[PDB]
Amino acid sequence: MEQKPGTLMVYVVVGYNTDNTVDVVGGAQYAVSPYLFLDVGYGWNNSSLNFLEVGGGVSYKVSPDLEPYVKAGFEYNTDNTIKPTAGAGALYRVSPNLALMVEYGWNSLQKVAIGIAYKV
């Protein structure tokens, strides 16, 4: 199955990086086509480092319960640094309004992030 183009979802996730830092990221994923989506988000890392994240990827629905996705983008850090990031995750629908979000991502720095995705 496909995405519904125009679907807007606000998400909030907590990510645990391999360097023993922790991110909290709030943002949105907007499906622009049946399989592509844009991703924007503002994140905070517990090493005192805010970043603006912009990117996107591919996503489809295996079932009404599972929606895998792969994504890549860039994190515009508050150290005036720009770093590339990619992710691989899925959304597990738990209500018509809500979904559980899990994502494995890499930046030689890897992270696991869990959170929720609210469909607006």
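Don't overthink the numbering: it's just position in the shown sequence, from 1.
Q.
Quick check on the record: how many residues from the deposited sequence are absent from the model between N107 and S108 (none, 1 to 3, 4 to 9, 10 or more)?
A. Gap between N107 and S108: 1 to 3 residues without coordinates.
Report task. Mind pulling up the entry and telling me whether 65-73 or 78-86 has the higher mean Cα temperature factor? Result -> Mean CA B-factor is higher for 78-86.
TODO: Pull the Cα B-factor of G55 out of the PDB entry and bin it into the chain's lowest, middle or highest third.
DONE: For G55, whose C-alpha B-factor we compare with every modelled residue in the chain, the answer is the middle third.
- Task: Using the B-factors in the PDB entry, rank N45's C-alpha atom against the chain and give the third, lowest, middle or highest.
- Result: For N45, whose C-alpha B-factor we compare with every modelled residue in the chain, the answer is the highest third.
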